[PDB]
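Report on one structure; see the data block that follows.
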Protein chains: 2
Amino acid sequence: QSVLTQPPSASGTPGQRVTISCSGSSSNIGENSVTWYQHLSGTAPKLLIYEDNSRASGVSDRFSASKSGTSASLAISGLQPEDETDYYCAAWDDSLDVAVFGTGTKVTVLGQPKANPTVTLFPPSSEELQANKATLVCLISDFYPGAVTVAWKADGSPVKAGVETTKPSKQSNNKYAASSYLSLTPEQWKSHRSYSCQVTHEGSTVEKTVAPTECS
Amino acid sequence: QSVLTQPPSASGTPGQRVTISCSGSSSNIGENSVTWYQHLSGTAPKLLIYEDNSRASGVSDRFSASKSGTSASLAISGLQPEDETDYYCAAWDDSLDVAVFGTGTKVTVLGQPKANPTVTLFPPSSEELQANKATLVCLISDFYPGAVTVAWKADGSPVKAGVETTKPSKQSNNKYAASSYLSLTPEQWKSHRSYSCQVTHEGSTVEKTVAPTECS
């Protein structure tokens, strides 16, 4: 669907001042009031910032928001461990006239050298194609902090549906690891010219492409 | 949070029928339309119904809604195991002059069936080897419950060194997915006859095998 864009991750060293930005449009962010939440897995969308600029209750003087055009930003001014959570922004869309959401940002209290993903994409193998099935995999490893955004395109038009993306987990090296896969029909696969995976990580945006090649 | 009053939980079993309630005031539910969202801990809410009764694109017929008077009801007919998430109502508020959000309701699918994992083993891509590098991926998807035990074997013995295994995460269908990889020299790769990935899901075990190359 069409959402409000936010980086996968934002972060810095303790005490440091970080800020999660969030971009929308003409019809939402820049016409309505951005609301900001703190989420984390285990029922808790705790509202943080209402009416753009205003702080909820039990809301640390540490947080404050803004709003330029079609953009808004939440800056946590004094990074504490208690901050590493998911942050979400939301605005009303008078065009769709439904509440439009941010894709979330994870703030990590950066305890180690930032590292970018090593994106390795794989096409379906033969004894899989031989089995009438074709699955692609975007191994994503050696990265920190542990939050990435993955998109898949099939001929340049991006595939939304069928993509499954693991949740990063600290490897043996302390660095993170994730995989995202797409399940196709051997026809569905040999019915495109190229298949690309696209991981974005704090600033870096790698991307791999693939295309069918074997006794076709 | 707390504003558009929803039952805090609802329980079912695959195939029942559940109805999430949604209670307002005249200035919101009474007067504007109700919108419903589905939330998957760590995703970003996806629109489920709009204009009180209409389905966003790609929403099952299992879902229907109604604005009773000042309250609205979302109903899951033939309840499924991927229906297990949080649900939210929303409405514009005439006086407050803002969008009011529901307190949330989380469904539970009482006893999902056991599902044994799909193992897909993958050999180094030509193009990963085209740069002297070989990684092996055992993808292990659509399994339930979530615990697995992966094991590598290079020529029937436990090539257990250079292997990272993800911690299982719950996908879009409330069925897990995990994936493990083996990283070896393009030599070390070709240095074997068979490389097998082994998965023990609940006393069961499927082992998949891969041999260095073939097919023109």
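Identifiers for the structure tokens are assigned positionally: chains receive A, B, ... in sequence, residues are indexed from 1 per chain, and ligands are indexed from 1 in the order shown.
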Residues of chain B within 9 Å of chain A, counting only C-alpha atoms, as a VMD selection string: chain B and resid 1 35 41 to 47 50 56 to 57 86 90 to 92 98 to 99 106 120 to 125 128 135 137 139 163 to 172 177 to 179 181 215 to 216
Include N, CA and C atoms and write out the residues we just selected as a compact mmCIF listing (two decimals), in the first residue's frame.
# COMPACT_ATOMS: atom_id res chain seq x y z
N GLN B 1 -1.99 5.08 25.25
CA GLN B 1 -3.18 5.19 24.37
C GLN B 1 -4.48 4.91 25.11
N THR B 35 -12.75 3.06 9.45
CA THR B 35 -11.59 2.48 8.78
C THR B 35 -10.98 1.39 9.62
N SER B 41 2.70 -7.23 14.81
CA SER B 41 3.84 -6.79 15.67
C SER B 41 5.12 -6.69 14.82
N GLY B 42 5.55 -5.45 14.62
CA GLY B 42 6.72 -5.12 13.84
C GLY B 42 6.50 -5.06 12.34
N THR B 43 5.48 -4.30 11.88
CA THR B 43 5.25 -4.20 10.44
C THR B 43 4.87 -2.81 9.97
N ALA B 44 3.77 -2.34 10.51
CA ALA B 44 3.16 -1.05 10.11
C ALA B 44 1.74 -1.53 9.70
N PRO B 45 0.75 -0.89 10.29
CA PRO B 45 -0.63 -1.30 10.00
C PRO B 45 -0.97 -1.25 8.53
N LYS B 46 -1.63 -2.28 8.01
CA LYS B 46 -2.13 -2.29 6.63
C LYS B 46 -3.66 -2.03 6.72
N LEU B 47 -4.16 -1.24 5.82
CA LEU B 47 -5.60 -0.86 5.77
C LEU B 47 -6.31 -2.18 5.47
N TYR B 50 -12.36 0.24 4.48
CA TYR B 50 -12.50 1.72 4.48
C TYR B 50 -13.98 2.00 4.23
N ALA B 56 -9.81 -2.77 1.32
CA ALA B 56 -8.60 -2.24 0.64
C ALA B 56 -8.27 -3.32 -0.38
N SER B 57 -7.37 -3.03 -1.31
CA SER B 57 -7.07 -4.07 -2.30
C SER B 57 -6.25 -5.16 -1.59
N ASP B 86 -3.23 -7.71 15.65
CA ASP B 86 -3.99 -6.67 16.35
C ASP B 86 -4.88 -6.03 15.28
N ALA B 90 -10.62 3.43 13.33
CA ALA B 90 -10.20 4.85 13.28
C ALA B 90 -11.43 5.53 12.72
N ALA B 91 -11.56 6.80 12.86
CA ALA B 91 -12.63 7.68 12.44
C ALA B 91 -12.19 9.12 12.63
N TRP B 92 -12.65 10.03 11.80
CA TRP B 92 -12.33 11.45 12.05
C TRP B 92 -13.26 11.93 13.18
N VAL B 98 -9.70 15.92 14.78
CA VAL B 98 -8.68 14.91 14.64
C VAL B 98 -9.27 13.50 14.51
N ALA B 99 -8.40 12.67 13.96
CA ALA B 99 -8.57 11.26 13.72
C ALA B 99 -8.47 10.56 15.08
N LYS B 106 -6.71 -7.96 19.98
CA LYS B 106 -5.77 -8.93 19.34
C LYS B 106 -6.44 -10.28 19.32
N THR B 120 14.93 -25.84 1.42
CA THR B 120 15.40 -25.51 0.10
C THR B 120 16.90 -25.25 0.37
N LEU B 121 17.72 -26.07 -0.25
CA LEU B 121 19.16 -25.93 -0.06
C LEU B 121 19.68 -25.16 -1.25
N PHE B 122 20.66 -24.28 -1.10
CA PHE B 122 21.13 -23.58 -2.33
C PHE B 122 22.68 -23.50 -2.32
N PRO B 123 23.13 -23.76 -3.54
CA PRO B 123 24.56 -23.72 -3.86
C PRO B 123 24.93 -22.28 -4.28
N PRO B 124 26.22 -22.03 -4.13
CA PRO B 124 26.83 -20.75 -4.50
C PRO B 124 26.36 -20.28 -5.88
N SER B 125 25.99 -19.02 -6.02
CA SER B 125 25.57 -18.58 -7.39
C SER B 125 26.81 -18.55 -8.29
N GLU B 128 28.56 -15.33 -7.68
CA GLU B 128 29.06 -15.07 -6.31
C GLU B 128 30.45 -15.75 -6.35
N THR B 135 28.77 -19.20 -0.72
CA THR B 135 27.89 -19.31 0.46
C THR B 135 26.78 -20.32 0.17
N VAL B 137 22.94 -21.77 1.36
CA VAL B 137 21.75 -21.38 2.18
C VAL B 137 20.70 -22.46 2.28
N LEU B 139 17.17 -22.68 3.25
CA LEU B 139 16.05 -21.80 3.71
C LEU B 139 15.11 -22.78 4.41
N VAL B 163 29.25 -21.75 9.84
CA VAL B 163 27.79 -21.82 9.74
C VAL B 163 27.02 -21.01 10.76
N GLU B 164 26.22 -20.14 10.15
CA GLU B 164 25.33 -19.24 10.84
C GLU B 164 23.88 -19.64 10.50
N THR B 165 23.11 -19.68 11.56
CA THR B 165 21.69 -20.03 11.48
C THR B 165 20.85 -18.94 12.10
N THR B 166 19.91 -18.41 11.35
CA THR B 166 19.00 -17.38 11.88
C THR B 166 18.15 -17.87 13.04
N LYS B 167 17.55 -17.02 13.87
CA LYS B 167 16.61 -17.50 14.89
C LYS B 167 15.26 -17.31 14.19
N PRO B 168 14.42 -18.32 14.21
CA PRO B 168 13.11 -18.36 13.58
C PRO B 168 12.22 -17.18 13.91
N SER B 169 11.67 -16.67 12.83
CA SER B 169 10.75 -15.54 12.85
C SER B 169 9.48 -16.02 12.11
N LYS B 170 8.44 -15.47 12.67
CA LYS B 170 7.05 -15.65 12.25
C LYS B 170 6.74 -14.80 11.03
N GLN B 171 6.45 -15.35 9.88
CA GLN B 171 6.13 -14.60 8.67
C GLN B 171 4.68 -14.07 8.68
N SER B 172 4.27 -13.76 7.47
CA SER B 172 2.95 -13.22 7.17
C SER B 172 1.81 -14.23 7.39
N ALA B 177 9.87 -19.21 9.72
CA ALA B 177 10.83 -19.29 8.61
C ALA B 177 12.15 -19.02 9.31
N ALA B 178 13.21 -19.70 9.02
CA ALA B 178 14.57 -19.56 9.53
C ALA B 178 15.46 -19.85 8.30
N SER B 179 16.74 -19.63 8.41
CA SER B 179 17.59 -19.90 7.20
C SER B 179 19.00 -19.93 7.79
N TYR B 181 23.33 -20.56 6.80
CA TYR B 181 24.26 -20.52 5.63
C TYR B 181 25.62 -21.03 6.03
N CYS B 215 24.57 -29.08 -15.25
CA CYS B 215 23.66 -28.69 -16.24
C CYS B 215 24.18 -27.51 -17.10
N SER B 216 24.29 -27.80 -18.36
CA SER B 216 24.73 -26.96 -19.47
C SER B 216 23.93 -25.67 -19.70
Could you give me the residues within region 103-205 of chain A that DSSP places in strand (DSSP E), as a ChimeraX atom specification? /A:105-109,118-122,134-143,149-154,158-159,163-165,169-170,176-178,180-184,195-201,204-205
Quick one: everything within 9 Å of residue 189 (chain B), counting only C-alpha atoms, minus sequence neighbours fewer than 3 positions away in the same chain. Send it as a list in words. residues 124, 134, 135, 183, 184, 185, 186, 192, 195 and 212 of chain B
Go ahead and save the picked residues with C-alpha atoms, as a compact mmCIF listing (two decimals), in the first residue's frame.
# COMPACT_ATOMS: atom_id res chain seq x y z
CA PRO B 124 26.83 -20.75 -4.50
CA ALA B 134 30.76 -19.37 -2.02
CA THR B 135 27.89 -19.31 0.46
CA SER B 183 30.51 -19.87 3.92
CA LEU B 184 33.44 -21.65 2.31
CA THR B 185 36.26 -21.11 -0.19
CA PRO B 186 35.19 -21.76 -3.77
CA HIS B 192 33.33 -32.16 -1.66
CA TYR B 195 26.89 -30.87 1.02
CA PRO B 212 28.89 -29.05 -6.99
